[PDB]
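Participant: The structure is given below, and queries will be raised subsequently.
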Amino acid sequence: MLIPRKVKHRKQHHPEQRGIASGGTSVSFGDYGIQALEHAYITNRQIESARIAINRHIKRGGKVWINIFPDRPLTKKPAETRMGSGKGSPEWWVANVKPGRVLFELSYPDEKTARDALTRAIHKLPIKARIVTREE
Amino acid sequence: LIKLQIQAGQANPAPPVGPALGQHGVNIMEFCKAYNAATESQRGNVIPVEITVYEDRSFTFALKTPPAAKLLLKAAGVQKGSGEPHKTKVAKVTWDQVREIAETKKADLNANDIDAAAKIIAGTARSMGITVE
Amino acid sequence: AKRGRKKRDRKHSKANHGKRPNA
Amino acid sequence: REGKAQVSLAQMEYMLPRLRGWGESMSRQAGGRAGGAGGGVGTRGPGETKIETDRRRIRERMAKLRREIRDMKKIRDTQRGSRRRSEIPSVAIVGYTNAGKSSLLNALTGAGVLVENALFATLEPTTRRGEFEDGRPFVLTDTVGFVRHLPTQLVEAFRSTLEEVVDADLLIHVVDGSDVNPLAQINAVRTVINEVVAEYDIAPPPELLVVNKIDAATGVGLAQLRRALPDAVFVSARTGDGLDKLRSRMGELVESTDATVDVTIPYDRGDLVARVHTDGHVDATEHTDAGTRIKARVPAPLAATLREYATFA
Amino acid sequence: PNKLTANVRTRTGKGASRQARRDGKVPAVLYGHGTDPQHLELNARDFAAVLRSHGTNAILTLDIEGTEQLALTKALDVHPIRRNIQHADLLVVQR
Amino acid sequence: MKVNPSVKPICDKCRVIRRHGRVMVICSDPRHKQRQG
Amino acid sequence: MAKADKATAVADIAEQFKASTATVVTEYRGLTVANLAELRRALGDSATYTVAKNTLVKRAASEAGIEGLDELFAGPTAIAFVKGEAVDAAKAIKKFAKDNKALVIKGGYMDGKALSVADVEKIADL
RNA sequence: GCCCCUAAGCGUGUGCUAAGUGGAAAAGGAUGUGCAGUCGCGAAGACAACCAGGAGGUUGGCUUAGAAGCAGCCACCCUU
Ligand SMILES: Nc1nc2c(ncn2[C@@H]2O[C@H](COP(=O)(O)OP(=O)(O)CP(=O)(O)O)[C@@H](O)[C@H]2O)c(=O)[nH]1
């Protein structure tokens with residue numbers, strides 16, 4: 001499942017949520033795509049889930065792209081512990097997704113089935129997202 | 001109006017002939033008896049009989065040439081039809097004999113128009129899978 | 001949880017102008 | 001969910017007797033990114049954290065899991081209604097492991113079940129309807145892998161399989177032609193049906209034998225195991241082959257409850273014989289004429305419906 | 001069809017652009033071979049209308065306040081959430 | 001009557017309707033009939 | 001309705017009536033395909049017995065040049081374009097009033113003109 | 001803040017709401033309702049319904065005794 005090979009610093013602050021996306025805000029690989037509309041931390045798990053959803057929906061066709069890689073690590077203190085004595089170990093790899101960013105992109109000869117698979121992916125994702133298209 | 005397609009042979013076979021004649025009306029035998037009596041001379045050709053029934057009963061002795069697809073089969077040179085028409089064609093049946101034999105059968109079915117008959121027979125050949133030239 | 005929800009939502013009034021002490 | 005719960009319970013209960021020592025040793029450095037033993041799902045995903053970390057949490061979760069399996073037993077027996085309500089013969093593919101059970105199922109039924117290279121590939125017993133030589137829309141189910149010295153710490157997983165084998169009639173015993181002691185393989189895997197019947201005693205079901213991997217197996221075995229050895233039939237290859245008499249002897253050894261007493265079907269309605277033709281097979285359709293006379297088998301209700309009309313030939 | 005009116009910008013800046021975009025007048029800047037930048041405004045409705053059919057590249061007859069002038073669409077700064085053009089950059093053409 | 005926050009026509013014959021301020025799906029097949037509730 | 005059909009609707013009657021010295025119009029309803037063909041195709045030797053839209057052909061009639069029979073199109077119409085021969089055509093149209101009785105001649109265009117209540121029978125009673 | 005409790009508007013003009021929404025809440029579901037756009041059709045007759053046909057080839061070919069259009073699979077044309 002998606003994961004960085006290595007990261008320079010293992011314990012980083014949480015990725016910021018403020019502001020809109022000034023980059024990655026257009027379909028530039030495939031024909032359709034999922035444009036988010038709400039700040040969130042999309043995680044390796046959700047990305048894998050949506051990818052499997054789209055691939056299972058489209059039968060051995062089309063090409064899929066992911067314009068976001070989970071690289072920011074989020075820690076977690078071990079259970080049943082007081083507050084203090086250092087940050088927790090890395091727990092979840094998250095990609096800071098911002099309003100307007102295109103998360104998934106698809107290119108499939110058909111139209112209805114591409115739309116349907118994209119809807120599947122959106123449902124699997126946490127955030128509110130719409131289906132944008134290369135046309136405009 | 002019940003049509004049974006059959007040749008001039010045979011006599012009361014249930015799986016192909018268990019019709020309303022045996023269900024309700026005259027005995028089962030008389031139907032085929034009176035049907036084959038006036039058309040024994042068929043020799044394998046299919047001569048379907050279309051019987052009518054009135055408020056109580058009214059036998060009718062009616063006939064017709066074999067199906068269009070079956071005539072195509074007879075002339076083509078095969079006994080079994082192809083289950084994959086336009087995927088594996090068997091024979092390229094020509095049009096001269098088709099015309100000479102359909103110049104009256106289609107005049108009875110719909111009309112004697114040679115072009116219309118040609119288009120209909122082309123459709124039937126396409127259906128069977130043994131198309132024409 | 002009802003008491004907390006209510007005390008917090010009390011901040012959305014025309015008189016507090018949106019902020020309440022100890023929200 | 002069934003697997004992710006029952007395997008989780010088995011793991012918790014295996015920890016139970018050794019919650020002290022090595023479990024703490026594992027948790028000490030934790031997985032360290034990823035450990036050599038995951039959790040409820042093992043292959044990443046859920047179960048990423050650990051198995052046993054606190055005795056309280058472990059006990060709590062074993063309780064919850066036991067309740068969950070209580071729920072799943074009801075769900076499973078509800079699902080398994082139609083077959084028991086219909087009295088439809090069922091057969092079970094009983095193989096030790098990697099004996100190509102799923103592949104054999106794909107064969108003979110056109111099924112498309114997964115067939116992966118591993119000693120434990122098929123997770124839950126899956127089944128499909130099949131046809132015998134003449135009909136009998138019977139049922140065929142696989143079994144989950146059984147390895148020597150069946151770990152009793154993991155029975156909740158094989159409990160469903162055990163039920164599905166004890167609620168069946170004819171058993172077909174698949175072996176794998178890899179090891180040198182297939183006799184040991186078969187005896188070992190058969191040691192389990194003994195306790196299966198001990199618990200859920202109904203009867204010793206009729207038995208049949210088969211061994212997959214024919215193409216690659218017996219490379220130096222020759223047909224000794226095919227002639228001298230007792231009951232066994234095998235043509236499947238390590239990828240798939242043709243099936244010749246596995247589907248004939250399977251029908252001849254399955255329950256023959258279907259009565260074969262001759263019945264007389266008259267003409268009567270326009271297609272009254274259609275009922276018998278579609279129900280009870282049409283074996284020996286000695287069609288004659290008019291009120292066609294024939295000889296075919298029929299089930300209990302059709303036999304009782306035609307009783308009065310059963311005039312001797 | 002390709003004839004789009006225009007109106008020079010009375011003011012310019014954050015407030016002027018915001019007010020214009022609220023009233024539905026996409027701002028634009030016209031410059032190029034003539035080498036004399038002009039800040040103007042167009043009706044976003046007709047601008048998008050012509051853009052739908054003629055595509056991003058197109059030779060637009062910009063009817064300026066006082067005369068006409070040919071132009072070419074160079075840039076379209078568009079908001080990614082609200083799919084609406086925020087600013088247009090037109091390249092004059094000398095023919 | 002499946003009470004579910006998510007009601008969608010399961011089959012081509014299923015028709016949605018608003019009744020007593022409460023969305024309900026009704027079909028010729030009784031099994032598909034459901035309500036939002 | 002359809003634009004192409006409308007466009008052809010001129011020629012759909014123009015040459016037909018230009019050639020046919022006579023044509024019939026009547027409220028047709030009931031005769032199956034077989035009954036209709038019994039005279040349309042089964043007896044096709046000197047007249048094309050067809051039908052056409054009675055609402056779209058009202059303008060097409062004016063276009064073709066006929067104007068006497070325009071108020072009689074308000075309802076089903078069964079046209080019979082003959083190439084002139086009337087002694088057999090009148091008999092053909094009068095034959096159906098024994099077996100079906102569902103086929104009368106409400107009117108039509110005789111010799112580029114209209115007709116009366118008795119002309120329907122007097123076209124050719126010989 | 002201005003119906004009475006309670007000092008002061010049951011204020012005036014446009015609209016909106018049927019939910020007591022106002023007078024708590026998410027993913028998601030949704031033939032509720034106002035408005036601004038678009039694409040088909042339609043006064044040469046459409047959208048609903050009503051009167052007749054909806055045919056011949058032909059039980060179209062594979063399958064099946066069977067499959068006539070209706071378990072299922074290929075073709076899926078024309079005569080008027
Ligand atoms: N012996 C045999 N092996 C096969 C056959 N078809 C595929 N295989 C190979 O065997 C491997 C294991 O699959 P399989 O033996 O079917 O699994 P199984 O024995 O049915 C169930 P489990 O693996 O849990 O014991 C697969 O990787 C496949 O490539 C076959 O017909 N016979």
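Going by the structure tokens order, chains are called A, B, ..., each with residues numbered from 1, while ligands are numbered from 1 in the order shown.
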Any residue with an atom at most 10 Å from ligand 1 counts, using only C-alpha atoms (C1' of nucleotides) and all ligand atoms. Which are they? Put them as a ChimeraX atom specification.

Facilitator: /D:93-107,113-125,142-147,174-178,211-217,234-242

Participant: Identify all chain C residues at most 10 Å from chain H by counting only C-alpha atoms (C1' of nucleotides); ligands do not count. Present them as JSON, numbers by chain.

Facilitator: {"C": [2, 5, 6, 9]}

Participant: Out of chain G, which residues get helix (DSSP H, G or I) from DSSP, as a VMD selection string?

Facilitator: chain G and resid 3 to 9 14 to 19 33 to 40 57 to 64 71 to 73 87 to 95 119 to 122

Participant: Would you kindly return, as a PyMOL selection string, each protein, DNA or RNA residue with an atom no farther than 9 Å from any atom of segment 66-76 of chain E, considering only C-alpha atoms (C1' of nucleotides) and excluding same-chain residues fewer than 4 positions away?

Facilitator: chain E and resi 5+28+30-31+56-62+85-95

Participant: Between chain H and chain D, at 12 Å or less, what are the per-residue closest atom pairs and their distances in Å? Count only C-alpha atoms (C1' of nucleotides), order by chain and rising residue number, and return it as CSV.

Facilitator:
residue,atom,partner,partner_atom,distance
H:64,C1',D:278,CA,11.7
H:65,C1',D:287,CA,8.7
H:66,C1',D:274,CA,9.2

Participant: Keeping only N, CA, C and O atoms (P, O5', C5', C4', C3', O3' and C1' of nucleotides), write the selected residues to a file as a PDB file, in the first residue's frame.

Facilitator:
ATOM      1  P     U H  64     -29.563 -30.644 -28.269  1.00  0.00           P
ATOM      2  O5'   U H  64     -30.113 -31.796 -27.315  1.00  0.00           O
ATOM      3  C5'   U H  64     -31.507 -32.051 -27.197  1.00  0.00           C
ATOM      4  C4'   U H  64     -32.173 -31.101 -26.232  1.00  0.00           C
ATOM      5  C3'   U H  64     -33.686 -31.245 -26.107  1.00  0.00           C
ATOM      6  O3'   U H  64     -34.069 -32.240 -25.170  1.00  0.00           O
ATOM      7  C1'   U H  64     -33.132 -28.968 -26.463  1.00  0.00           C
ATOM      8  P     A H  65     -34.676 -33.647 -25.657  1.00  0.00           P
ATOM      9  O5'   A H  65     -35.485 -33.290 -26.982  1.00  0.00           O
ATOM     10  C5'   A H  65     -35.502 -34.176 -28.092  1.00  0.00           C
ATOM     11  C4'   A H  65     -36.814 -34.104 -28.828  1.00  0.00           C
ATOM     12  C3'   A H  65     -37.365 -32.705 -29.059  1.00  0.00           C
ATOM     13  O3'   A H  65     -36.804 -32.076 -30.196  1.00  0.00           O
ATOM     14  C1'   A H  65     -39.081 -34.129 -28.244  1.00  0.00           C
ATOM     15  P     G H  66     -36.056 -30.665 -30.042  1.00  0.00           P
ATOM     16  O5'   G H  66     -37.174 -29.698 -29.459  1.00  0.00           O
ATOM     17  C5'   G H  66     -38.445 -29.583 -30.088  1.00  0.00           C
ATOM     18  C4'   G H  66     -39.398 -28.777 -29.246  1.00  0.00           C
ATOM     19  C3'   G H  66     -38.875 -27.402 -28.839  1.00  0.00           C
ATOM     20  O3'   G H  66     -39.946 -26.460 -28.805  1.00  0.00           O
ATOM     21  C1'   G H  66     -39.316 -28.681 -26.900  1.00  0.00           C
TER      22        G H  66
END

Participant: Applying 8 Å and only C-alpha atoms (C1' of nucleotides), which residues near residue 133 of chain D remain after dropping the ones on its own chain fewer than 4 positions away? List them as an MDAnalysis selection string.

Facilitator: chainID D and resid 247:248 251

Participant: Quick one: everything within 10 Å of residue 59 of chain B, counting only C-alpha atoms (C1' of nucleotides), minus sequence neighbours fewer than 4 positions away in the same chain. Send it as a list in words.

Facilitator: residues 21, 25, 26, 30, 31, 34, 35, 50, 51, 52, 53 and 54 of chain B

Participant: Write out the residues from the selection above, keeping N, CA and C atoms, as an mmCIF file, in the first residue's frame.

Facilitator:
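Just written: result.cif:
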data_model
loop_
_atom_site.group_PDB
_atom_site.id
_atom_site.type_symbol
_atom_site.label_atom_id
_atom_site.label_comp_id
_atom_site.auth_asym_id
_atom_site.auth_seq_id
_atom_site.Cartn_x
_atom_site.Cartn_y
_atom_site.Cartn_z
ATOM 1 N N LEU B 21 -56.311 -31.235 -31.440
ATOM 2 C CA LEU B 21 -57.124 -32.296 -32.021
ATOM 3 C C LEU B 21 -57.248 -33.467 -31.057
ATOM 4 N N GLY B 25 -61.749 -32.456 -29.021
ATOM 5 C CA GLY B 25 -62.298 -32.538 -30.360
ATOM 6 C C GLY B 25 -62.258 -33.947 -30.910
ATOM 7 N N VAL B 26 -62.020 -34.075 -32.214
ATOM 8 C CA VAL B 26 -61.972 -35.377 -32.871
ATOM 9 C C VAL B 26 -60.817 -36.180 -32.290
ATOM 10 N N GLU B 30 -57.494 -39.260 -36.450
ATOM 11 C CA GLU B 30 -58.158 -38.768 -37.655
ATOM 12 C C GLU B 30 -57.449 -37.556 -38.235
ATOM 13 N N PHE B 31 -56.897 -36.700 -37.381
ATOM 14 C CA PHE B 31 -56.242 -35.496 -37.869
ATOM 15 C C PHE B 31 -55.161 -35.858 -38.875
ATOM 16 N N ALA B 34 -56.459 -37.856 -42.131
ATOM 17 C CA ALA B 34 -57.029 -37.050 -43.205
ATOM 18 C C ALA B 34 -56.021 -36.050 -43.752
ATOM 19 N N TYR B 35 -55.019 -35.674 -42.954
ATOM 20 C CA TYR B 35 -54.002 -34.754 -43.447
ATOM 21 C C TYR B 35 -53.065 -35.431 -44.438
ATOM 22 N N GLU B 50 -52.258 -26.466 -41.522
ATOM 23 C CA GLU B 50 -52.850 -25.472 -40.637
ATOM 24 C C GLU B 50 -54.334 -25.795 -40.509
ATOM 25 N N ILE B 51 -54.722 -26.330 -39.360
ATOM 26 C CA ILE B 51 -56.092 -26.731 -39.117
ATOM 27 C C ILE B 51 -56.824 -25.604 -38.402
ATOM 28 N N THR B 52 -58.118 -25.500 -38.684
ATOM 29 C CA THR B 52 -58.999 -24.537 -38.048
ATOM 30 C C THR B 52 -60.039 -25.288 -37.231
ATOM 31 N N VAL B 53 -60.600 -24.608 -36.232
ATOM 32 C CA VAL B 53 -61.663 -25.161 -35.401
ATOM 33 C C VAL B 53 -62.742 -24.098 -35.266
ATOM 34 N N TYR B 54 -63.989 -24.485 -35.506
ATOM 35 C CA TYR B 54 -65.118 -23.574 -35.388
ATOM 36 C C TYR B 54 -65.704 -23.683 -33.979
#

Participant: Which residues, written as a PyMOL selection string, have at least one atom at most 10 Å from residue 87 of chain B, with only C-alpha atoms (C1' of nucleotides) counted and residues fewer than 3 positions away on the same chain left out?

Facilitator: (chain B and resi 82-84+90+129) or (chain H and resi 74-75)

Participant: Store the residues picked out above, limited to N, CA and C atoms (P, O5', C5', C4', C3', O3' and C1' of nucleotides), as a PDB file, in the first residue's frame.

Facilitator:
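To be explicit, this is the file written out as result.pdb:
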ATOM      1  N   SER B  82     -26.170 -23.858 -38.977  1.00  0.00           N
ATOM      2  CA  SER B  82     -25.073 -23.284 -38.209  1.00  0.00           C
ATOM      3  C   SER B  82     -25.629 -22.393 -37.107  1.00  0.00           C
ATOM      4  N   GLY B  83     -25.168 -22.621 -35.882  1.00  0.00           N
ATOM      5  CA  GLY B  83     -25.575 -21.825 -34.749  1.00  0.00           C
ATOM      6  C   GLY B  83     -24.868 -20.498 -34.625  1.00  0.00           C
ATOM      7  N   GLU B  84     -23.948 -20.194 -35.536  1.00  0.00           N
ATOM      8  CA  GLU B  84     -23.187 -18.945 -35.511  1.00  0.00           C
ATOM      9  C   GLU B  84     -23.265 -18.293 -36.883  1.00  0.00           C
ATOM     10  N   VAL B  90     -21.569 -21.574 -44.139  1.00  0.00           N
ATOM     11  CA  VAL B  90     -21.365 -22.925 -44.653  1.00  0.00           C
ATOM     12  C   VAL B  90     -21.289 -22.913 -46.175  1.00  0.00           C
ATOM     13  N   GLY B 129     -27.458 -18.860 -41.388  1.00  0.00           N
ATOM     14  CA  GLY B 129     -26.010 -18.830 -41.380  1.00  0.00           C
ATOM     15  C   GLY B 129     -25.394 -19.325 -42.671  1.00  0.00           C
TER      16      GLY B 129
ATOM     17  P     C H  74     -25.181 -13.371 -27.786  1.00  0.00           P
ATOM     18  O5'   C H  74     -25.039 -13.916 -29.278  1.00  0.00           O
ATOM     19  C5'   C H  74     -23.759 -14.132 -29.852  1.00  0.00           C
ATOM     20  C4'   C H  74     -23.844 -14.441 -31.326  1.00  0.00           C
ATOM     21  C3'   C H  74     -24.583 -13.432 -32.186  1.00  0.00           C
ATOM     22  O3'   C H  74     -23.815 -12.281 -32.487  1.00  0.00           O
ATOM     23  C1'   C H  74     -25.299 -15.598 -32.754  1.00  0.00           C
ATOM     24  P     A H  75     -24.531 -10.848 -32.626  1.00  0.00           P
ATOM     25  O5'   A H  75     -25.335 -10.956 -33.996  1.00  0.00           O
ATOM     26  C5'   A H  75     -24.662 -11.249 -35.211  1.00  0.00           C
ATOM     27  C4'   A H  75     -25.632 -11.636 -36.298  1.00  0.00           C
ATOM     28  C3'   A H  75     -26.715 -10.616 -36.607  1.00  0.00           C
ATOM     29  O3'   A H  75     -26.269  -9.600 -37.488  1.00  0.00           O
ATOM     30  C1'   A H  75     -27.682 -12.770 -36.391  1.00  0.00           C
TER      31        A H  75
END

Participant: May I have the residues within 8 Å of residue 23 of chain B as number ranges by chain, using only C-alpha atoms (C1' of nucleotides) and disregarding those fewer than 5 positions away in the same chain?

Facilitator: B: 18, 28; D: 268-270

Participant: Check segment 4-68 of chain G with DSSP on the backbone and list each residue it calls strand (DSSP E), as a ChimeraX atom specification.

Facilitator: /G:22-25,47-51

Participant: Those residues with N, CA, C and O atoms, as a PDB file, in the first residue's frame please?

Facilitator:
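The result, stored in part_34.pdb:
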ATOM      1  N   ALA G  22     -58.564   9.444 -60.524  1.00  0.00           N
ATOM      2  CA  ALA G  22     -59.509   9.233 -59.443  1.00  0.00           C
ATOM      3  C   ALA G  22     -58.746   8.829 -58.193  1.00  0.00           C
ATOM      4  O   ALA G  22     -57.635   8.299 -58.280  1.00  0.00           O
ATOM      5  N   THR G  23     -59.345   9.097 -57.035  1.00  0.00           N
ATOM      6  CA  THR G  23     -58.829   8.598 -55.770  1.00  0.00           C
ATOM      7  C   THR G  23     -59.957   8.628 -54.753  1.00  0.00           C
ATOM      8  O   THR G  23     -60.894   9.420 -54.876  1.00  0.00           O
ATOM      9  N   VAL G  24     -59.845   7.776 -53.741  1.00  0.00           N
ATOM     10  CA  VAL G  24     -60.907   7.579 -52.766  1.00  0.00           C
ATOM     11  C   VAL G  24     -60.422   8.024 -51.388  1.00  0.00           C
ATOM     12  O   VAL G  24     -59.226   8.046 -51.099  1.00  0.00           O
ATOM     13  N   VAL G  25     -61.380   8.375 -50.528  1.00  0.00           N
ATOM     14  CA  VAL G  25     -61.109   8.790 -49.155  1.00  0.00           C
ATOM     15  C   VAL G  25     -62.296   8.376 -48.293  1.00  0.00           C
ATOM     16  O   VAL G  25     -63.457   8.609 -48.658  1.00  0.00           O
ATOM     17  N   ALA G  47     -54.119  -0.309 -59.225  1.00  0.00           N
ATOM     18  CA  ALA G  47     -54.291   0.760 -58.255  1.00  0.00           C
ATOM     19  C   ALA G  47     -53.450   0.456 -57.027  1.00  0.00           C
ATOM     20  O   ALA G  47     -53.434  -0.678 -56.543  1.00  0.00           O
ATOM     21  N   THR G  48     -52.759   1.476 -56.532  1.00  0.00           N
ATOM     22  CA  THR G  48     -52.012   1.384 -55.284  1.00  0.00           C
ATOM     23  C   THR G  48     -52.931   1.802 -54.142  1.00  0.00           C
ATOM     24  O   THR G  48     -53.274   2.981 -54.014  1.00  0.00           O
ATOM     25  N   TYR G  49     -53.349   0.832 -53.337  1.00  0.00           N
ATOM     26  CA  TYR G  49     -54.251   1.067 -52.216  1.00  0.00           C
ATOM     27  C   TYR G  49     -53.393   1.235 -50.972  1.00  0.00           C
ATOM     28  O   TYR G  49     -52.841   0.259 -50.454  1.00  0.00           O
ATOM     29  N   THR G  50     -53.279   2.472 -50.498  1.00  0.00           N
ATOM     30  CA  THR G  50     -52.397   2.798 -49.392  1.00  0.00           C
ATOM     31  C   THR G  50     -53.150   3.707 -48.429  1.00  0.00           C
ATOM     32  O   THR G  50     -54.360   3.920 -48.555  1.00  0.00           O
ATOM     33  N   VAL G  51     -52.415   4.237 -47.456  1.00  0.00           N
ATOM     34  CA  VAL G  51     -52.911   5.204 -46.495  1.00  0.00           C
ATOM     35  C   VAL G  51     -51.800   6.216 -46.244  1.00  0.00           C
ATOM     36  O   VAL G  51     -50.639   5.994 -46.596  1.00  0.00           O
TER      37      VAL G  51
END
